[PDB]
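Reading through the structure tokens given below for one structure.
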Amino acid sequence: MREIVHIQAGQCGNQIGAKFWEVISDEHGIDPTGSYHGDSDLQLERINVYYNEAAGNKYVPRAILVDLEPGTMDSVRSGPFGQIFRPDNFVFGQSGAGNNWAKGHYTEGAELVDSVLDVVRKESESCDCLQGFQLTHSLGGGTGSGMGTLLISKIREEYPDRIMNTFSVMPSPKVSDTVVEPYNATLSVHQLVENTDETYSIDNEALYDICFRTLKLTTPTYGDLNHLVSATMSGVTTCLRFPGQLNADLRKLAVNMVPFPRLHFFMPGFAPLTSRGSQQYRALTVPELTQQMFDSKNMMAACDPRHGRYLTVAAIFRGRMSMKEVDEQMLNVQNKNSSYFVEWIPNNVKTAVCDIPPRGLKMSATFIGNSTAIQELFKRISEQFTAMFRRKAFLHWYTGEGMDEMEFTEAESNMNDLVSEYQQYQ
Amino acid sequence: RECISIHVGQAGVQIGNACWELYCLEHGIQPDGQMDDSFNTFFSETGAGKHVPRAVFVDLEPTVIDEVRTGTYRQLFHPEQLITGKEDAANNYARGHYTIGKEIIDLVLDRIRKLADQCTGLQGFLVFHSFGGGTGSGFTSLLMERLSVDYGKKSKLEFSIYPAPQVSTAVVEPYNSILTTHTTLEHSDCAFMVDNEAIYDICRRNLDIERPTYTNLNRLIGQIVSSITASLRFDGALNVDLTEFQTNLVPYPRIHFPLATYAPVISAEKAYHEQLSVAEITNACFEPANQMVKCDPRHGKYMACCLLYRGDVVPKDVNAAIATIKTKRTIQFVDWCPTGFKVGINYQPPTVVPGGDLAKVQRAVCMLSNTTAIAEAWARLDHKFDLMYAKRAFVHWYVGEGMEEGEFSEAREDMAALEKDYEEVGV
Amino acid sequence: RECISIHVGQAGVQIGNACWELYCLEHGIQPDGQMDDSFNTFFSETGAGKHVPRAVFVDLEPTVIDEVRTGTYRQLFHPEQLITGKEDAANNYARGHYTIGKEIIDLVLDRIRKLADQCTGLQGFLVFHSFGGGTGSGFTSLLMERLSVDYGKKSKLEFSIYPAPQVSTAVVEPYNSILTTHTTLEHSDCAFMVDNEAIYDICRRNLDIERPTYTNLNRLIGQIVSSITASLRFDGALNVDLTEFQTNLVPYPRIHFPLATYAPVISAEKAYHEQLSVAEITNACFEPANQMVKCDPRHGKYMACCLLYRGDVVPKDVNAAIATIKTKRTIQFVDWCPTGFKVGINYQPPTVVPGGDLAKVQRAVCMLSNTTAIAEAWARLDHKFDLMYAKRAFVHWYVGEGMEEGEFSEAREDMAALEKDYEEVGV
Amino acid sequence: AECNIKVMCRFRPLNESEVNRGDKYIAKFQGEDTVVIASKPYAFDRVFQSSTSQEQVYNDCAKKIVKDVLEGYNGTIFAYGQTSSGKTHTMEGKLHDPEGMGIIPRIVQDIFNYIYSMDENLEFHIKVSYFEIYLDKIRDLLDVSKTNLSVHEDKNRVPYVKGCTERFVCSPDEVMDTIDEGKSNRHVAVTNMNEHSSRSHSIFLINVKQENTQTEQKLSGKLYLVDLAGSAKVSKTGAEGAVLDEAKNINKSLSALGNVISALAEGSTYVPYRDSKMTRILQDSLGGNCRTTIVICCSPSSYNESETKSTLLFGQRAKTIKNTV
Ligand SMILES: Nc1nc2c(ncn2[C@@H]2O[C@H](COP(=O)(O)CP(=O)(O)OP(=O)(O)O)[C@@H](O)[C@H]2O)c(=O)[nH]1
Ligand SMILES: Nc1nc2c(ncn2[C@@H]2O[C@H](COP(=O)(O)OP(=O)(O)OP(=O)(O)O)[C@@H](O)[C@H]2O)c(=O)[nH]1
Ligand SMILES: Nc1nc2c(ncn2[C@@H]2O[C@H](COP(=O)(O)OP(=O)(O)OP(=O)(O)O)[C@@H](O)[C@H]2O)c(=O)[nH]1
Ligand SMILES: Nc1ncnc2c1ncn2[C@@H]1O[C@H](COP(=O)(O)OP(=O)(O)OP(=O)(O)O)[C@@H](O)[C@H]1O
């Protein structure tokens with residue numbers, strides 16, 4: 001009932017998705033081998049929405065892992081829960097992309113798309129009725145940016161009505177771990193803005209800033225950053241995984257958050273966030289979390305929300321709590337800070353609650369916001385794109401793969417249009 | 001006397017599991033499903049020593065249905081009545097009425113007809129839903145149009161939860177209510193509205209419960225809809241059936257939206273220190289902040305109201321109470337219907353849930369009062385709707401379902417057609 | 001009733017670690033951080049069985065912060081509240097306010113607002129600082145200007161340590177006080193002053209402690225500021241809240257500098273030999289040498305004073321004491337406010353620190369008294385300032401920071417504007 | 001430099017289903033520029049009556065448009081209206097009949113007739129293309145293998161279709177055989193309200209590239225003939241199954257351009273042409289270097305009096321818009 005198929009494109013997609021099955025398997029009570037040892041009977045109902053039942057009380061996930069280099073598949077297979085994944089989904093080529101969007105989208109990826117398209121035919125048929133696809137990729141690089149967005153277009157041609165949710169992490173000016181970030185980003189958003197109905201824009205700068213102020217981690221690795229983003233992907237897909245007083249489907253947030261088809265780039269966030277050295281000195285009540293919810297330095301995007309205005313926001317709470325004090329809190333943030341909300345909508349806040357919180361915690365929530373502050377991120381990368389594109393630097397490799405400079409100019413026409421769209425409703 | 005109930009959406013099932021919690025306790029029915037004529041209007045005789053409820057819990061999302069199937073009231077409800085869908089409406093009137101509704105209404109309508117065939121004294125219906133949601137707005141609009149053409153003459157009680165002035169759970173809920181009200185206006189006989197924030201200050205001020213949930217809310221709303229049908233269950237000095245509320249509340253065929261208010265709502269420790277009597281409850285219900293809908297009654301005029309009581313209440317002191325309320329100049333009744341009073345008494349007192357915050361009282365009162373105080377709400381809903389309608393926001397989903405701006409324009413002018421006659425009769 | 005405290009500079013943290021030493025002992029709070037309504041105004045309930053203090057210890061030099069973080073009260077204070085800077089103010093009002101202040105006030109002000117959001121009964125604030133230092137003069141002037149424009153209406157208790165006539169720790173402390181008083185005059189509602197040398201002869205004469213430290217001093221000052229807020233913590237026959245001290249002491253908006261004095265201050269062996277009663281303590285506080293500020297009261301006249309008591313003290317004998325004090329011609333009350341008496345009683349007696357030099361007493365008293373006896377101090381501070389201002393000494397650092405002679409000239413004439421009205425009301 | 005967009009109205013007689021019901025005749029004509037509907041005037045350029053013939057509408061509507069596209073500028077033509085409004089009957093009509101045809105064959109016949117009058121040295125290059133939208137994909141009619149096509153932008157950032165078939169014609173008889181293949185292969189449905197129900201947008205683009213060898217001056221003019229579908233009410237039409245899937249696509253297109261035409265009327269800063277691909281191909285019509293001609297076909301019956309009201313306010317709101325020509 002309302003199944004979801006997980007896709008993991010690119011090196012970041014395989015790693016960010018490996019932690020997604022890590023955290024949700026704990027609250028569901030799934031063994032590392034695949035069996036079930038949960039404590040509550042409520043965890044057994046909606047296991048089909050992400051896993052497939054097997055013999056011997058064993059369960060396997062519907063994870064479509066795809067990449068062009070075999071190193072990421074071997075590392076994930078040797079992980080904590082690497083053995084639970086089925087081997088036939090681990091499709092992979094031999095040669096990597098080398099951070100080239102043209103190779104993994106036209107020439108190198110087209111040799112691999114024929115092998116993975118037949119796999120999703122098997123998984124889409126095994127479920128009763130698919131709800132939406134939860135893809136994970138990164139705009140940086142060529143594999144996840146090129147081959148990841150390719151199958152977005154192919155699947156949308158098959159399913160012109162199903163949901164296509166993606167958790168896309170974008171580049172940033174200060175944190176630049178690759179020289180080809182603006183070109184890979186500019187060509188990817190041309191397709192994501194038209195094809196996908198939902199998009200969660202994540203920035204690596206905020207993942208470093210969020211871990212400095214409140215977690216106080218002195219040596220945070222990639223595994224620490226994955227725990228933050230994986231919890232947001234789990235929090236959004238929790239209402240259709242456990243029962244609650246008001247369950248919100250993934251599509252019910254799409255109807256509330258997406259007032260126009262292109263305007264779907266969301267601001268992810270998470271609460272509570274407190275270090276081990278200050279977890280005891282904090283109140284887990286709803287007034288404490290709500291103030292930290294809409295804090296300027298809480299979301300997973302470097303853009304300041306004070307420089308924009310929220311068009312619509314959501315706070316899907318999670319855990320046993322009284323919804324009376326919730327509604328007063330969402331009333332206060334929109335009333336006390338009405339200048340930072342659009343006047344042409346009466347209420348910019350969505351609500352949702354669940355009864356069974358995660359392990360170790362009592363109450364929690366997850367933030368999803370579509371705001372005008374994101375246009376500062378799309379324009380700065382466009383300046384990076386426009387600075388190098390005007391001299392045609394680092395484009396001769398793209399033309400070798402059958403590309404043309406006209407498509408780069410057409411992608412710029414999509415880039416400068418969507419930033420002006422945010423300027424209209426600001 | 002028999003009547004069939006139906007619950008739709010997330011709002012309905014929380015009213016379903018709560019309102020049916022006290023009915024089985026009222027008739028001494030254990031939760032297993034077993035223990036002469038009082039329970040006939042809501043429970044049938046299942047052969048020998050077993051009952052079955054006369055309700056249908058339809059919902060597109062099965063996240064609530066499997067909870068009830070795995071809940072404590074498993075053996076009570078029939079497994080066929082717990083109807084399940086395939087995917088949620090997503091706060092879309094279009095998706096819950098046209099695409100997902102048509103492929104399941106053929107099963108629901110046939111299920112309603114086969115249960116209604118064995119009835120002999122079916123008085124009417126009562127619907128539990130909420131226009132602010134998707135399933136409660138889209139699917140409820142489908143069945144109401146499709147059964148009204150079939151039956152038509154029978155009565156209907158639409159128990160709809162409306163949005164608050166400032167409080168709101170979603171952002172698209174004005175679009176859900178503006179469309180469904182265009183269809184609900186001509187077919188719904190009478191719709192008793194309920195507001196979500198109006199319950200918040202009631203329990204906070206009177207019951208002094210500072211962290212309740214919906215389970216405390218629906219236990220009160222389930223008690224309210226039990227008192228309006230209490231005359232048919234148990235005997236009374238002045239009984240009133242389901243057709244009584246069609247005439248003395250609906251003076252015009254389109255003005256069929258009465259307010260509601262209930263009293264006494266007193267906590268356990270506060271009940272002993274406060275004297276329960278007819279005078280204060282008759283004054284408490286007319287108090288404006290003591291209502292289930294946050295709308296100023298002083299901004300309009302009252303058309304007609306009914307004073308249905310509970311417990312051992314003599315018929316004389318209630319007449320003196322309404323007589324004294326007539327003398328109070330703080331209120332003002334409309335000249336078009338001055339004698340808009342309808343007294344009613346019942347011998348069976350209010351029940352009490354074990355562990356519930358509501359206290360035991362020997363007498364109670366419920367109120368349905370038609371007035372022109374609701375026109376400010378429809379005026380407010382039209383103004384806030386115009387802010388989003390100008391920018392054409394949250395429209396691409398509805399036309400993406402199949403709708404268009406035409407019916408949206410017909411829905412806007414329909415409220416304008418409703419604004420003029422509320423102000424006209426208010427003179 | 002809630003109130004948020006803030007400590008600034010070297011003077012604040014020695015007041016912080018000392019004044020909070022007895023509050024946790026008053027409410028039976030162990031140093032680890034755990035053990036119904038008396039502790040609410042200074043300690044919040046952190047979920048279940050854990051407390052957290054309502055204070056912010058800001059300081060540019062972290063030499064005191066790491067000591068408290070590695071001290072014995074580590075588990076009590078929130079690690080986020082212990083704010084740390086980057087480099088000290090160097091006894092420069094300009095460096096602690098403009099350069100170093102601006103790059104950290106954005107973090108401190110946001111920290112104050114988020115803690116004040118969850119408050120419901122926030123009566124006001126109380127600031128601990130010292131104008132003779134750099135951080136206490138510069139950074140405190142920044143936040144007081146920046147929060148007053150934000151909140152404004154709320155009350156503020158400035159507990160500032162002033163310089164002595166002949167005793168002095170630094171040489172630039174007149175320049176620190178002359179600048180900050182120009183800003184503190186219009187925004188600070190009421191500032192209770194304390195003198196450093198005034199404590200020296202008190203413990204030497206009464207307590208006969210001939211080698212104490214700041215730990216003995218701040219334990220007494222922490223007890224003084226605990227008694228002024230004691231009416232809000234525990235019940236009393238005649239309670240007074242935080243707004244009481246703003247009206248009955250500040251008759252004019254610029255004359256807002258009351259003196260302070262406290263009694264009884266008796267040692268352990270001397271307490272058993274001396275009879276504790278209301279008469280001698282009521283005469284002892286009005287004794288001039290028994291004050292926390294070395295200023296001759298006989299050179300002026302008293303405006304108004306408050307007699308707030310502690311412990312089991314009946315309300316009658318205190319009325320007889322102030323009546324007898326009115327008859328004593330050794331003092332002289334001003335004709336503009338002859339009935340400047342404000343009695344106050346509290347049932348909770350004074351506490352005692354283990355190992356401290358202060359002895360247990362069944363009754364105590366604290367005094368805040370507005371008078372014209374401070375004008376001689378400001379006249380002295382202007383004369384000594386003129387010696388350095390004429391030669392333009394210690395000026396190249398301030399203009400080296402960014403200042404100029406204009407604000408220095410405006411600061412000089414501001415005291416001249418304060419000198420005239422103190423002499424005018426003294427008539 | 002600034003040419004006002006013309007929005008001409010037309011009515012028709014009642015259909016066989018309407019006269020059998022007995023719908024009332026609401027259309028009241030006052031003059032020629034304005035029309036009264038329930039005591040509400042609507043100022044337009046030209047109001048065509050129900051008794052108008054196909055030729056009578058053609059010589060008044062798109063007669064001067066032939067001169068505009070041949071002079072060097074561009075032309076853009078597309079109708080609008082609800083279901084059973086008479087849009088396809090106005091635009092394509094009966095091709096083989098001497099008089100029952102619409103606008104498309106009368107235009108292309110006049111293009112070849114006008115070319116015969118001028119001098120021989122003016123060399124022309126007429127290329128034809130025809131594609132329809134189907135399940136939100138540009139379905140090509142001349143080639144059945146292609147199910148979806150990609151749209152790109154030219155040098156000056158005017159959107160235009162790429163990869164579509166471009167058959168270079170030389171005689172007007174070849175175009176008549178081409179449109180019959182497109183009309184015959186067009187996916188048409190059957191409903192209660194309309195038999196020949198055009199449930200999709202059919203674009204008929206003609207790129208008129210001409211050159212004068214004597215002066216050596218090159219000129220080009222685009223000619224969009226885009227027939228839109230009707231806003232089908234499922235309560236009145238009774239859509240079910242595959243017809244609902246047709247309803248999802250067509251309603252998005254008319255509502256998408258409805259946001260565009262309302263944005264230009266109120267004077268928005270962005271003008272969201274990016275709402276749908278149907279607006280991209282029409283972006284040159286509403287904000288390009290082309291003359292827009294909006295033929296408002298409406299039914300005079302009272303059975304859809306509210307839909308006709310929405311269509312007239314839709315038309316007059318478009319009259320205030322001016323192109324950046
Ligand atoms: N939030 C996270 N971001 C990551 C993680 N790993 C990488 N990244 C970020 O994504 C950027 C590029 O993504 P990838 O690591 O997947 C490069 P890819 O595997 O697609 O190409 P090749 O490895 O060269 O075959 C990368 O520079 C990081 O900024 C991660 O685990 N979590
Ligand atoms: N007072 C009250 N209102 C409820 C309750 N449950 C749901 N609601 C109403 O439901 C509305 C939210 O939308 P839902 O009815 O939950 O919609 P849904 O059934 O979850 O399905 P979708 O609309 O598709 O998301 C709120 O505005 C509430 O007013 C309840 O238990 N008590
Ligand atoms: N009475 C009393 N005064 C104190 C105490 N601690 C500091 N002071 C005051 O502090 C002043 C000295 O300057 P500091 O406050 O130490 O300045 P700082 O914090 O070291 O920073 P800089 O001014 O930049 O050197 C003296 O004039 C004292 O009056 C204390 O414990 N008791
Ligand atoms: N001007 C007219 N005079 C007489 N009959 C007409 C006229 N216009 C249309 N019709 C009738 O309408 C029928 C064809 O309907 P048509 O294809 O025009 O629907 P439509 O309005 O074009 O649909 P849509 O609005 O979806 O394009 C024909 O049978 C024809 O008799």
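For the structure tokens, the naming scheme is as follows: chains receive sequential letters (A, B, ...) according to their order of presentation, residues are indexed from 1 within each chain, and ligands are indexed from 1 in presentation order.
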Close residues, segment 93-104 of chain C itself excluded, 6 Å, only C-alpha atoms, min 2 positions apart in chain, as a list in words
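Within the cut-off, the hits are residues 89, 106, 107, 134, 135, 137, 138, 139, 142 and 176 of chain C.
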Can I get the selection written as a PDB file, in the first residue's frame, with C-alpha atoms?
ATOM      1  CA  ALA C  89      38.881  45.614  26.771  1.00  0.00           C
ATOM      2  CA  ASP C 106      24.732  40.087  17.806  1.00  0.00           C
ATOM      3  CA  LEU C 107      25.247  36.695  19.486  1.00  0.00           C
ATOM      4  CA  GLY C 134      36.759  47.885  30.698  1.00  0.00           C
ATOM      5  CA  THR C 135      34.305  45.092  29.965  1.00  0.00           C
ATOM      6  CA  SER C 137      31.900  49.829  31.341  1.00  0.00           C
ATOM      7  CA  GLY C 138      32.098  49.307  27.573  1.00  0.00           C
ATOM      8  CA  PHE C 139      30.143  46.141  26.830  1.00  0.00           C
ATOM      9  CA  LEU C 142      26.315  48.534  24.470  1.00  0.00           C
ATOM     10  CA  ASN C 176      35.632  54.587  32.068  1.00  0.00           C
TER      11      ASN C 176
END
Residues within 9 Å of ligand 4 should be enumerated using only C-alpha atoms and all ligand atoms and returned as a ChimeraX atom specification.
/D:10-16,50-54,79-91,93,193-201,227-232,297-299
Any chance you could tabulate, as a tab-separated table, the residues of chain A at most 8 Å from ligand 1 with each one's nearest atom pair and distance in Å to one decimal, using only C-alpha atoms and all ligand atoms, in chain and rising number order?
residue	atom	partner	partner_atom_place_in_ligand_line	distance
A:9	CA	ligand 1	20 (O)	7.6
A:10	CA	ligand 1	20 (O)	3.9
A:11	CA	ligand 1	16 (O)	2.8
A:12	CA	ligand 1	16 (O)	3.5
A:13	CA	ligand 1	16 (O)	6.2
A:14	CA	ligand 1	16 (O)	7.6
A:15	CA	ligand 1	31 (O)	5.0
A:16	CA	ligand 1	31 (O)	5.3
A:67	CA	ligand 1	19 (O)	7.3
A:68	CA	ligand 1	25 (O)	6.3
A:69	CA	ligand 1	25 (O)	5.4
A:72	CA	ligand 1	19 (O)	7.7
A:96	CA	ligand 1	25 (O)	4.8
A:97	CA	ligand 1	25 (O)	5.7
A:98	CA	ligand 1	24 (O)	5.1
A:99	CA	ligand 1	24 (O)	5.7
A:137	CA	ligand 1	16 (O)	7.4
A:138	CA	ligand 1	13 (O)	5.4
A:139	CA	ligand 1	12 (C)	7.0
A:140	CA	ligand 1	12 (C)	4.3
A:141	CA	ligand 1	20 (O)	4.8
A:142	CA	ligand 1	20 (O)	5.7
A:143	CA	ligand 1	20 (O)	4.4
A:144	CA	ligand 1	20 (O)	4.7
A:145	CA	ligand 1	20 (O)	7.0
A:169	CA	ligand 1	1 (N)	6.5
A:170	CA	ligand 1	10 (O)	7.8
A:171	CA	ligand 1	29 (O)	6.8
A:175	CA	ligand 1	29 (O)	7.6
A:176	CA	ligand 1	27 (O)	7.3
A:177	CA	ligand 1	27 (O)	4.6
A:178	CA	ligand 1	27 (O)	6.0
A:202	CA	ligand 1	1 (N)	7.6
A:203	CA	ligand 1	1 (N)	7.7
A:204	CA	ligand 1	1 (N)	6.2
A:207	CA	ligand 1	1 (N)	7.5
A:222	CA	ligand 1	31 (O)	5.1
A:223	CA	ligand 1	31 (O)	6.8
A:225	CA	ligand 1	1 (N)	6.0
A:226	CA	ligand 1	32 (N)	5.4
A:229	CA	ligand 1	1 (N)	6.9
Using DSSP on the backbone coordinates, identify all residues within segment 9-103 of chain B classified as alpha helix (DSSP H); present the result as a PDB file with C-alpha atoms, in the first residue's frame.
ATOM      1  CA  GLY B   9     -11.680  11.314   6.311  1.00  0.00           C
ATOM      2  CA  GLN B  10      -9.257  11.746   9.182  1.00  0.00           C
ATOM      3  CA  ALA B  11     -11.779  13.979  10.961  1.00  0.00           C
ATOM      4  CA  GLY B  12     -14.500  11.333  10.792  1.00  0.00           C
ATOM      5  CA  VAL B  13     -12.634   8.366  12.256  1.00  0.00           C
ATOM      6  CA  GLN B  14     -11.454  10.324  15.302  1.00  0.00           C
ATOM      7  CA  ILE B  15     -15.112  11.262  15.778  1.00  0.00           C
ATOM      8  CA  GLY B  16     -16.071   7.660  14.991  1.00  0.00           C
ATOM      9  CA  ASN B  17     -13.861   5.893  17.532  1.00  0.00           C
ATOM     10  CA  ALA B  18     -14.742   8.540  20.168  1.00  0.00           C
ATOM     11  CA  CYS B  19     -18.501   9.000  19.674  1.00  0.00           C
ATOM     12  CA  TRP B  20     -19.084   5.239  19.511  1.00  0.00           C
ATOM     13  CA  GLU B  21     -16.982   4.855  22.687  1.00  0.00           C
ATOM     14  CA  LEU B  22     -19.802   6.225  24.886  1.00  0.00           C
ATOM     15  CA  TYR B  23     -22.741   4.694  22.983  1.00  0.00           C
ATOM     16  CA  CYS B  24     -21.596   1.166  23.831  1.00  0.00           C
ATOM     17  CA  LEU B  25     -21.053   2.344  27.421  1.00  0.00           C
ATOM     18  CA  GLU B  26     -24.513   3.947  27.479  1.00  0.00           C
ATOM     19  CA  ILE B  65      -8.432   1.813   9.274  1.00  0.00           C
ATOM     20  CA  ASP B  66      -5.662  -0.660  10.127  1.00  0.00           C
ATOM     21  CA  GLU B  67      -5.296   1.071  13.504  1.00  0.00           C
ATOM     22  CA  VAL B  68      -8.983   0.441  14.221  1.00  0.00           C
ATOM     23  CA  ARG B  69      -8.682  -3.127  12.918  1.00  0.00           C
ATOM     24  CA  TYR B  93     -11.310  18.378  -3.605  1.00  0.00           C
ATOM     25  CA  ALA B  94     -10.745  17.334  -7.222  1.00  0.00           C
ATOM     26  CA  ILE B 100     -10.320   8.354  -6.593  1.00  0.00           C
ATOM     27  CA  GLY B 101     -14.007   8.776  -5.728  1.00  0.00           C
ATOM     28  CA  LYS B 102     -15.587   7.325  -8.866  1.00  0.00           C
ATOM     29  CA  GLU B 103     -13.678   4.015  -8.700  1.00  0.00           C
TER      30      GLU B 103
END
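Distances here use only C-alpha atoms; by that measure, the residue among B:318, B:367, B:381, B:48 closest to chain A is B:381.
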